[PDB]
$ cat model22.tsv   # TSV, C-alpha atoms
chain	number	residue	atom	x	y	z
A	1	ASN	CA	42.04	48.58	67.72
A	2	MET	CA	39.82	46.52	70.03
A	3	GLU	CA	40.26	43.47	67.76
A	4	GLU	CA	44.07	43.76	67.84
A	5	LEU	CA	44.12	44.27	71.62
A	6	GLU	CA	41.78	41.27	71.98
A	7	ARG	CA	44.24	39.09	70.03
A	8	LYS	CA	47.09	40.39	72.21
A	9	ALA	CA	45.17	39.59	75.41
A	10	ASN	CA	44.24	36.12	74.11
A	11	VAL	CA	47.83	35.13	73.27
A	12	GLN	CA	48.86	36.53	76.67
A	13	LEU	CA	46.24	34.28	78.29
A	14	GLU	CA	47.51	31.25	76.34
A	15	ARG	CA	51.11	31.79	77.45
A	16	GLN	CA	49.97	32.42	81.03
A	17	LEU	CA	48.02	29.16	80.94
A	18	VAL	CA	50.92	27.09	79.63
A	19	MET	CA	53.47	28.37	82.17
A	20	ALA	CA	50.76	27.96	84.81
A	21	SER	CA	50.44	24.30	83.83
A	22	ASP	CA	54.24	23.98	83.95
A	23	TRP	CA	54.37	25.39	87.49
A	24	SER	CA	51.42	23.21	88.53
A	25	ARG	CA	53.21	20.09	87.29
A	26	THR	CA	56.54	20.90	88.93
A	27	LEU	CA	54.81	21.85	92.19
A	28	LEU	CA	52.36	18.95	92.47
A	29	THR	CA	55.07	16.40	91.65
A	30	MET	CA	57.11	17.28	94.75
A	31	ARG	CA	54.44	16.44	97.34
A	32	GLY	CA	54.13	12.82	96.21
A	33	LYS	CA	50.71	13.50	94.71
A	34	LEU	CA	51.96	12.72	91.18
A	35	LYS	CA	53.72	9.56	92.38
A	36	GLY	CA	52.53	6.52	90.46
A	37	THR	CA	51.26	8.74	87.66
A	38	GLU	CA	52.82	9.08	84.21
A	39	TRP	CA	54.97	12.09	85.09
A	40	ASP	CA	56.40	10.31	88.16
A	41	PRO	CA	56.26	6.56	87.41
A	42	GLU	CA	57.98	3.56	89.01
A	43	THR	CA	60.64	1.18	87.71
A	44	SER	CA	59.65	-2.21	86.29
A	45	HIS	CA	61.05	-4.84	83.93
A	46	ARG	CA	62.89	-3.62	80.85
A	47	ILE	CA	61.85	-3.87	77.19
A	48	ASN	CA	63.72	-5.03	74.09
A	49	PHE	CA	63.80	-3.50	70.62
A	50	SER	CA	61.21	-5.80	69.01
B	1	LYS	CA	46.04	34.63	134.43
B	2	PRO	CA	42.98	34.28	132.18
B	3	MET	CA	43.98	37.28	130.04
B	4	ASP	CA	47.25	35.47	129.29
B	5	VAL	CA	45.29	32.47	127.99
B	6	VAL	CA	43.04	34.76	125.94
B	7	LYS	CA	46.04	36.50	124.38
B	8	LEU	CA	47.70	33.14	123.66
B	9	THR	CA	44.54	32.08	121.81
B	10	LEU	CA	44.56	35.35	119.85
B	11	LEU	CA	48.27	34.99	119.01
B	12	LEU	CA	47.71	31.39	117.90
B	13	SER	CA	44.82	32.48	115.66
B	14	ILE	CA	46.72	35.34	114.03
B	15	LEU	CA	49.84	33.18	113.59
B	16	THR	CA	47.68	30.50	111.97
B	17	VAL	CA	46.22	33.11	109.60
B	18	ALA	CA	49.65	34.52	108.72
B	19	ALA	CA	51.22	31.09	108.17
B	20	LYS	CA	48.22	30.04	106.06
B	21	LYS	CA	48.59	33.20	103.96
B	22	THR	CA	52.30	32.52	103.44
B	23	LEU	CA	51.69	28.85	102.58
B	24	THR	CA	48.90	29.56	100.08
B	25	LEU	CA	51.17	32.18	98.55
B	26	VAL	CA	54.02	29.67	98.21
B	27	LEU	CA	52.41	26.44	96.96
B	28	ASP	CA	50.14	28.28	94.50
B	29	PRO	CA	51.68	27.67	91.04
B	30	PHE	CA	50.18	30.91	89.71
B	31	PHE	CA	52.03	33.04	92.26
B	32	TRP	CA	55.04	31.01	91.15
B	33	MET	CA	54.23	32.04	87.58
B	34	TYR	CA	53.93	35.71	88.54
B	35	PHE	CA	56.64	35.99	91.20
B	36	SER	CA	59.21	34.25	89.01
B	37	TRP	CA	57.98	36.66	86.32
B	38	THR	CA	60.19	39.25	88.09
B	39	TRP	CA	63.51	37.35	87.89
B	40	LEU	CA	64.27	39.04	84.55
B	41	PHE	CA	65.14	42.13	86.58
B	42	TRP	CA	67.21	40.44	89.26
B	43	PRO	CA	69.99	42.87	88.17
B	44	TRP	CA	67.68	45.77	89.12
B	45	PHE	CA	66.59	44.37	92.50
B	46	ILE	CA	70.09	44.87	93.93
B	47	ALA	CA	71.28	48.10	92.30
B	48	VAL	CA	68.36	50.10	93.72
B	49	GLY	CA	67.78	48.19	96.98
B	50	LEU	CA	71.36	48.94	98.00
B	51	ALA	CA	70.79	52.67	97.46
B	52	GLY	CA	68.30	52.76	100.32
B	53	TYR	CA	70.90	51.15	102.57
B	54	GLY	CA	73.45	53.70	101.36
B	55	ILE	CA	71.26	56.71	102.11
B	56	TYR	CA	70.18	55.25	105.47
B	57	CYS	CA	73.81	54.76	106.45
B	58	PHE	CA	74.55	58.29	105.20
B	59	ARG	CA	71.91	59.68	107.57
B	60	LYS	CA	73.24	57.51	110.41
B	61	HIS	CA	76.75	58.83	109.81
B	62	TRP	CA	75.37	62.37	109.67
B	63	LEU	CA	73.99	61.78	113.16
B	64	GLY	CA	77.34	60.31	114.25
B	65	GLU	CA	76.93	56.53	114.77
B	66	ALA	CA	78.53	54.90	111.72
B	67	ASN	CA	80.62	51.74	111.80
B	68	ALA	CA	83.30	51.17	109.17
B	69	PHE	CA	81.04	48.97	107.03
B	70	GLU	CA	78.34	51.66	106.76
B	71	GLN	CA	80.78	54.38	105.63
B	72	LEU	CA	82.34	51.93	103.18
B	73	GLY	CA	78.79	51.38	101.96
B	74	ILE	CA	78.30	55.14	101.64
B	75	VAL	CA	81.30	55.60	99.34
B	76	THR	CA	80.33	52.36	97.59
B	77	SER	CA	76.81	53.71	97.01
B	78	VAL	CA	78.19	56.94	95.53
B	79	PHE	CA	80.82	55.21	93.40
B	80	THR	CA	78.72	52.33	92.07
B	81	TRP	CA	75.69	54.56	91.46
B	82	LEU	CA	78.12	56.79	89.53
B	83	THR	CA	79.92	54.28	87.31
B	84	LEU	CA	77.83	51.17	86.63
B	85	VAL	CA	74.16	52.27	86.69
B	86	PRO	CA	74.05	54.70	83.68
B	87	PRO	CA	75.55	52.43	80.97
B	88	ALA	CA	73.52	49.51	82.31
B	89	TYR	CA	70.48	51.77	81.92
B	90	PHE	CA	71.35	52.92	78.39
B	91	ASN	CA	72.51	49.70	76.69
B	92	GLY	CA	71.15	46.88	78.87
B	93	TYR	CA	74.45	44.96	78.81
B	94	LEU	CA	77.54	45.68	80.89
B	95	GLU	CA	80.75	44.06	79.65
B	96	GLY	CA	84.23	45.56	79.78
B	97	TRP	CA	85.45	49.04	80.80
B	98	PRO	CA	82.63	49.98	83.29
B	99	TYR	CA	83.56	46.95	85.40
B	100	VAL	CA	87.26	47.81	85.55
B	101	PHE	CA	86.55	51.47	86.28
B	102	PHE	CA	84.20	50.46	89.07
B	103	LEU	CA	87.19	48.53	90.43
B	104	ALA	CA	89.57	51.44	89.74
B	105	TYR	CA	87.45	54.03	91.57
B	106	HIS	CA	87.37	51.96	94.77
B	107	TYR	CA	91.07	51.17	94.38
B	108	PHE	CA	91.57	54.96	94.10
B	109	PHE	CA	89.59	56.11	97.12
B	110	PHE	CA	91.06	53.47	99.46
B	111	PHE	CA	94.39	55.32	99.49
B	112	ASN	CA	93.94	57.78	102.32
B	113	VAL	CA	92.98	54.80	104.49
B	114	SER	CA	96.28	52.92	104.01
B	115	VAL	CA	98.53	55.97	104.44
B	116	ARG	CA	96.55	57.21	107.47
B	117	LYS	CA	96.67	53.71	109.00
B	118	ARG	CA	100.31	52.74	108.36
B	119	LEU	CA	101.79	55.81	110.06
B	120	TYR	CA	99.09	55.87	112.75
B	121	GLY	CA	97.42	53.79	115.44
B	122	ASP	CA	93.93	53.58	113.93
B	123	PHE	CA	91.30	55.55	111.98
B	124	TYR	CA	90.08	57.59	114.97
B	125	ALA	CA	90.01	61.36	114.58
B	126	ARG	CA	92.56	63.16	116.75
B	127	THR	CA	92.53	66.54	118.49
B	128	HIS	CA	93.68	69.63	116.56
B	129	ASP	CA	92.93	73.33	116.11
B	130	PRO	CA	89.56	74.17	114.52
B	131	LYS	CA	91.01	76.68	112.04
B	132	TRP	CA	93.35	74.21	110.31
B	133	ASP	CA	90.80	72.30	108.20
B	134	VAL	CA	89.37	74.40	105.38
B	135	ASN	CA	85.58	74.33	105.11
B	136	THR	CA	83.52	75.33	102.08
B	137	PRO	CA	79.79	76.22	101.80
B	138	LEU	CA	77.47	73.22	101.71
B	139	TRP	CA	75.54	74.33	98.62
B	140	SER	CA	78.77	74.24	96.61
B	141	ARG	CA	79.54	70.72	97.88
B	142	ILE	CA	76.10	69.48	96.82
B	143	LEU	CA	76.53	71.30	93.50
B	144	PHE	CA	79.85	69.51	92.98
B	145	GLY	CA	78.26	66.13	93.66
B	146	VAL	CA	75.28	66.84	91.41
B	147	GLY	CA	77.54	68.10	88.62
B	148	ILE	CA	79.66	64.97	88.92
B	149	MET	CA	76.50	62.87	88.55
B	150	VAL	CA	75.31	64.98	85.61
B	151	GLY	CA	78.62	64.59	83.83
B	152	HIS	CA	78.75	60.84	84.43
B	153	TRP	CA	75.22	60.24	83.13
B	154	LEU	CA	76.01	62.49	80.17
B	155	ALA	CA	79.23	60.52	79.58
B	156	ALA	CA	77.31	57.25	79.44
B	157	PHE	CA	74.69	58.84	77.16
B	158	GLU	CA	77.26	60.42	74.84
B	159	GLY	CA	79.70	57.53	74.48
B	160	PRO	CA	79.26	54.88	71.79
B	161	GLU	CA	78.01	51.40	72.64
B	162	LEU	CA	80.43	49.21	74.59
B	163	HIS	CA	80.95	46.83	71.66
B	164	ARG	CA	81.59	49.59	69.10
B	165	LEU	CA	84.49	51.17	70.99
B	166	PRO	CA	87.80	49.80	69.69
B	167	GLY	CA	90.36	47.58	71.36
B	168	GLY	CA	93.87	46.25	70.78
B	169	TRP	CA	96.50	48.99	70.65
B	170	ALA	CA	93.93	51.73	71.34
B	171	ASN	CA	93.16	50.36	74.83
B	172	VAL	CA	96.84	50.55	75.83
B	173	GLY	CA	96.74	54.34	76.25
B	174	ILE	CA	93.86	53.93	78.71
B	175	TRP	CA	96.01	51.67	80.88
B	176	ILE	CA	98.82	54.24	80.70
B	177	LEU	CA	96.48	56.99	81.89
B	178	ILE	CA	95.15	54.81	84.72
B	179	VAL	CA	98.60	53.89	86.00
B	180	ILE	CA	100.04	57.41	85.72
B	181	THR	CA	97.02	58.80	87.56
B	182	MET	CA	97.37	56.40	90.45
B	183	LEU	CA	101.14	56.98	90.64
B	184	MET	CA	100.69	60.77	90.78
B	185	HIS	CA	97.90	60.64	93.36
B	186	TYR	CA	99.69	58.16	95.63
B	187	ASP	CA	102.92	60.15	95.45
B	188	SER	CA	101.07	63.37	96.27
B	189	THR	CA	99.26	61.73	99.19
B	190	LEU	CA	102.44	60.13	100.55
B	191	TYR	CA	104.27	63.45	100.33
B	192	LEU	CA	101.45	65.43	101.94
B	193	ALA	CA	100.71	63.02	104.81
B	194	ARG	CA	104.38	62.52	105.74
B	195	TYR	CA	104.92	66.09	106.98
B	196	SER	CA	101.69	66.45	108.97
B	197	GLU	CA	101.85	65.67	112.69
B	198	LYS	CA	98.09	65.50	113.23
B	199	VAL	CA	95.47	64.31	110.73
B	200	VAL	CA	95.65	67.53	108.68
B	201	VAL	CA	98.18	69.89	110.33
B	202	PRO	CA	101.13	70.60	107.98
B	203	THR	CA	104.33	71.29	109.92
B	204	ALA	CA	106.32	72.53	106.91
B	205	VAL	CA	105.98	73.39	103.21
B	206	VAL	CA	105.99	70.47	100.77
B	207	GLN	CA	107.80	70.93	97.44
B	208	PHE	CA	108.68	67.40	96.33
B	209	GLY	CA	107.66	65.07	93.51
B	210	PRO	CA	104.21	66.03	92.21
B	211	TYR	CA	104.52	69.21	94.29
B	212	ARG	CA	107.38	70.42	92.08
B	213	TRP	CA	105.10	70.13	89.02
B	214	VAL	CA	101.62	71.16	90.22
B	215	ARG	CA	100.81	73.11	93.39
B	216	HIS	CA	97.66	71.03	94.09
B	217	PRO	CA	98.48	67.51	92.83
B	218	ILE	CA	95.84	65.37	94.56
B	219	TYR	CA	93.10	67.53	93.06
B	220	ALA	CA	94.65	67.32	89.59
B	221	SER	CA	95.03	63.55	89.94
B	222	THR	CA	91.36	63.19	90.92
B	223	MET	CA	90.20	65.20	87.92
B	224	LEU	CA	92.59	63.24	85.66
B	225	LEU	CA	90.85	60.11	86.94
B	226	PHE	CA	87.53	61.45	85.66
B	227	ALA	CA	89.20	62.58	82.42
B	228	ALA	CA	90.51	59.07	81.77
B	229	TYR	CA	87.04	57.79	82.66
B	230	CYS	CA	85.44	60.02	80.01
B	231	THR	CA	88.12	58.82	77.60
B	232	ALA	CA	87.24	55.18	78.39
B	233	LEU	CA	83.63	55.25	77.11
B	234	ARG	CA	84.78	57.72	74.40
B	235	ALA	CA	82.79	60.80	75.49
B	236	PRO	CA	84.99	63.93	75.17
B	237	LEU	CA	82.05	66.33	75.68
B	238	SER	CA	81.52	65.11	79.24
B	239	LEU	CA	85.29	65.36	79.73
B	240	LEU	CA	85.11	69.07	78.88
B	241	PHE	CA	82.09	69.64	81.12
B	242	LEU	CA	83.73	68.00	84.14
B	243	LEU	CA	86.78	70.09	83.28
B	244	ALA	CA	84.64	73.21	83.66
B	245	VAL	CA	82.70	72.28	86.82
B	246	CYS	CA	85.51	70.48	88.66
B	247	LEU	CA	87.91	73.29	87.78
B	248	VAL	CA	85.47	75.89	89.14
B	249	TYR	CA	84.73	74.23	92.49
B	250	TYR	CA	88.23	72.86	92.95
B	251	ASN	CA	89.82	76.24	92.20
B	252	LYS	CA	87.49	77.79	94.79
B	253	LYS	CA	88.65	75.34	97.45
B	254	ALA	CA	92.26	75.71	96.26
B	255	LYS	CA	92.04	79.49	96.69
B	256	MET	CA	90.62	79.13	100.20
B	257	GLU	CA	93.26	76.58	101.24
B	258	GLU	CA	96.08	78.54	99.58
B	259	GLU	CA	95.15	81.82	101.27
B	260	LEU	CA	94.95	80.01	104.63
B	261	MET	CA	98.41	78.43	104.38
B	262	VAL	CA	99.96	81.57	102.87
B	263	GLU	CA	98.67	83.46	105.92
B	264	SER	CA	99.91	80.71	108.26
B	265	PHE	CA	103.31	80.16	106.61
B	266	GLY	CA	104.33	83.38	104.85
B	267	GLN	CA	107.36	83.61	102.57
B	268	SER	CA	108.01	79.87	102.18
B	269	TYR	CA	104.86	79.01	100.23
B	270	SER	CA	105.21	82.39	98.50
B	271	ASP	CA	108.54	81.48	96.91
B	272	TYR	CA	107.25	77.94	96.35
B	273	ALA	CA	104.28	79.29	94.37
B	274	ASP	CA	106.72	81.51	92.50
B	275	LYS	CA	108.66	78.34	91.65
B	276	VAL	CA	105.53	76.52	90.41
B	277	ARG	CA	102.89	78.93	89.12
B	278	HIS	CA	100.93	76.25	87.24
B	279	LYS	CA	98.25	75.42	89.77
B	280	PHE	CA	96.29	72.43	88.40
B	281	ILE	CA	97.50	71.36	84.92
B	282	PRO	CA	101.18	71.51	83.82
B	283	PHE	CA	101.62	74.72	81.75
B	284	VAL	CA	97.94	74.85	80.76
B	285	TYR	CA	96.52	76.71	83.77
C	1	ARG	CA	63.70	40.06	53.30
C	2	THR	CA	65.51	43.27	54.29
C	3	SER	CA	65.27	43.11	58.09
C	4	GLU	CA	68.18	44.82	59.83
C	5	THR	CA	68.44	41.83	62.20
C	6	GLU	CA	70.83	39.84	60.03
C	7	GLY	CA	72.88	38.10	62.73
C	8	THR	CA	71.69	39.68	65.99
C	9	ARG	CA	70.51	36.52	67.80
C	10	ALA	CA	73.31	34.83	69.78
C	11	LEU	CA	75.30	37.82	71.03
C	12	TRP	CA	72.08	38.74	72.83
C	13	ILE	CA	72.48	35.51	74.79
C	14	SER	CA	76.14	36.32	75.43
C	15	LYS	CA	75.37	39.85	76.65
C	16	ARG	CA	72.26	39.17	78.73
C	17	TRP	CA	73.59	36.02	80.36
C	18	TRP	CA	72.30	37.52	83.63
C	19	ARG	CA	68.61	37.27	82.62
C	20	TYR	CA	66.12	34.46	83.45
C	21	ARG	CA	64.45	31.93	81.12
C	22	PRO	CA	61.70	29.46	82.14
C	23	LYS	CA	61.07	26.04	80.63
C	24	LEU	CA	58.86	25.44	77.59
C	25	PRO	CA	57.45	22.15	76.25
C	26	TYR	CA	58.34	20.37	73.01
C	27	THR	CA	55.05	19.63	71.25
C	28	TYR	CA	53.97	23.14	72.20
C	29	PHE	CA	57.05	24.42	70.37
C	30	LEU	CA	56.21	22.28	67.31
C	31	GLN	CA	52.57	23.39	67.23
C	32	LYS	CA	53.67	27.01	67.82
C	33	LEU	CA	56.21	26.85	64.98
C	34	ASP	CA	53.69	25.28	62.59
C	35	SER	CA	51.50	28.42	62.84
C	36	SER	CA	54.60	30.63	62.32
C	37	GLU	CA	54.70	32.63	65.55
C	38	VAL	CA	58.51	32.35	65.81
C	39	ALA	CA	61.02	34.69	64.16
C	40	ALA	CA	64.13	33.40	65.97
C	41	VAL	CA	65.49	29.91	66.59
C	42	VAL	CA	68.97	29.83	68.17
C	43	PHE	CA	70.49	26.41	68.79
C	44	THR	CA	72.95	25.16	71.39
C	45	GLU	CA	76.17	23.72	69.86
C	46	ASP	CA	75.56	20.16	71.13
C	47	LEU	CA	71.86	19.78	70.10
C	48	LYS	CA	70.54	19.76	73.65
$ encode --input "model22.tsv" --output "structure tokens"
Amino acid sequence: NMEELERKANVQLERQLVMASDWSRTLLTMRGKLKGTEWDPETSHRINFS
Amino acid sequence: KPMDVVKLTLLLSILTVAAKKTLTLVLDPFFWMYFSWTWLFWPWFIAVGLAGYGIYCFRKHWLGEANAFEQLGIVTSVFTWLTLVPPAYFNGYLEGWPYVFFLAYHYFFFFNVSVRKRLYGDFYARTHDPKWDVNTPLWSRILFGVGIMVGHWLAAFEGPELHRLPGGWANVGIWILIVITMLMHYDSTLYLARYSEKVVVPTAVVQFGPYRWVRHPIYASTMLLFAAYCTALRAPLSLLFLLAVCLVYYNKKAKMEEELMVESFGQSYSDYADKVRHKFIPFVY
Amino acid sequence: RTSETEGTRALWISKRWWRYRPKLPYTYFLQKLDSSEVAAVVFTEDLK
């Protein structure tokens, strides 16, 4: 029983962590802190297929 | 004054603390993960939060200070908490008949308002004799309301799921029952309110339309509304139980009213009741 | 495979339209599906 509940708590923690990272990204992008980074980059010259 | 400056400093400090608490609640992504964790029950935020407003407005009206919106909210609280909440609780999805019967109940009860506004100045209570309006013991009124709730919750419990109940040419009888109910009730109301000088003071004896079929037609129409409602979610057992309880209470009030207006009128309502013995249902009772 | 959930996946969406769903990543979904933690995948008609 304690093993099964431990697995349940661990997968709960994983899902909590990943939505926490989602909220952290979408919150920290809006204050300009992620500006210039990969998630909020700037426009430059284009690129061809080759 | 120095104490004014001291209190301004204290107010600034406590406002800074409160604003800091609000800000660190907001821009924390984890409170955004846990406070948006409750959007799944945004249907259940409203349906219970409005009940507190309904009961608060009910108490305010009991004191005697209710605007039109608050009393509208009182009947809305009763009617919504009746119709929509139980099937939403039992199946988790509301689509179809509960919606249209939530509309139909409000469309039903807003019929004394139009008749008592068209042939009147406004909705203000007028002056009349105290003995004209029949009263009935409060415990029986609460018992009627509680029995109506019990039958409605039992109707939602008993009836099959909203997607299993049939449609097509089986949902055309339901429309027939709805329309005939609202015709009978509106005719009864229009015939009853035409002959009364004051709000409820009957000048003469009414024996026209629904009054030449059933001696108490508004009551019968109201019960037939619940009967069609129990037919809508396909729960006949609740239909029979509301038949029992509504018949009991409504016959009690009918007896009180009938004895009053037989005393006050005499032979006219006597021969009228001889003409139409069937008191609630045509040739069933 | 005799599960009683034969085709009970999309009418859930149609009924509980008034629920809430948050956003999930892509490579997380791939790595989560590789370990077989998913018993339902319901597409949108336009592959979006």
$ atom_distance --input "model22.tsv" --atom1 "CA of residue 112 (chain B)" --atom2 "CA of residue 185 (chain B)"
10.2 Å
$ atom_distance --input "model22.tsv" --atom1 "CA of residue 37 (chain B)" --atom2 "CA of residue 21 (chain A)"
14.7 Å
$ closest_residue --input "model22.tsv" --among "B:5, B:33, B:156, B:174" --to "chain C" --atoms "all atoms listed in the file"
B:33
$ axis_aligned_box --input "model22.tsv" --around "region 7-18 of chain A" --padding-each-side "6 Å" --output "JSON"
{"center_x": 47.7, "center_y": 33.7, "center_z": 75.5, "size_x": 18.9, "size_y": 25.3, "size_z": 23.0}
$ closest_atom_pairs --input "model22.tsv" --of "chain A" --to "chain C" --cutoff "12 Å" --atoms "only C-alpha atoms" --output "tab-separated table"
residue	atom	partner	partner_atom	distance
A:11	CA	C:37	CA	10.6
A:14	CA	C:28	CA	11.2
A:15	CA	C:24	CA	10.0
A:16	CA	C:24	CA	11.8
A:17	CA	C:24	CA	11.9
A:18	CA	C:24	CA	8.4
A:19	CA	C:24	CA	7.7
A:20	CA	C:24	CA	11.1
A:21	CA	C:24	CA	10.5
A:22	CA	C:23	CA	7.9
A:23	CA	C:23	CA	9.6
A:25	CA	C:23	CA	11.9
A:26	CA	C:23	CA	10.8
$ closest_atom_pairs --input "model22.tsv" --of "chain C" --to "chain B" --cutoff "10 Å" --atoms "only C-alpha atoms" --output "CSV"
residue,atom,partner,partner_atom,distance
C:12,CA,B:93,CA,8.9
C:14,CA,B:93,CA,9.4
C:15,CA,B:93,CA,5.6
C:16,CA,B:93,CA,6.2
C:17,CA,B:93,CA,9.1
C:18,CA,B:43,CA,7.4
C:19,CA,B:40,CA,5.1
C:20,CA,B:40,CA,5.1
C:21,CA,B:40,CA,7.9
C:22,CA,B:36,CA,8.7
$ interface_residues --input "model22.tsv" --of "chain B" --to "chain A" --cutoff "12 Å" --atoms "all atoms listed in the file" --output "PyMOL selection string"
chain B and resi 26-37
$ atom_distance --input "model22.tsv" --atom1 "CA of residue 243 (chain B)" --atom2 "CA of residue 133 (chain B)"
25.3 Å
$ closest_residue --input "model22.tsv" --among "B:8, B:223, B:193, B:206" --to "residue 117 (chain B)" --atoms "all atoms listed in the file"
B:193
$ closest_residue --input "model22.tsv" --among "B:256, B:146, B:72, B:113" --to "residue 199 (chain B)" --atoms "all atoms listed in the file"
B:113
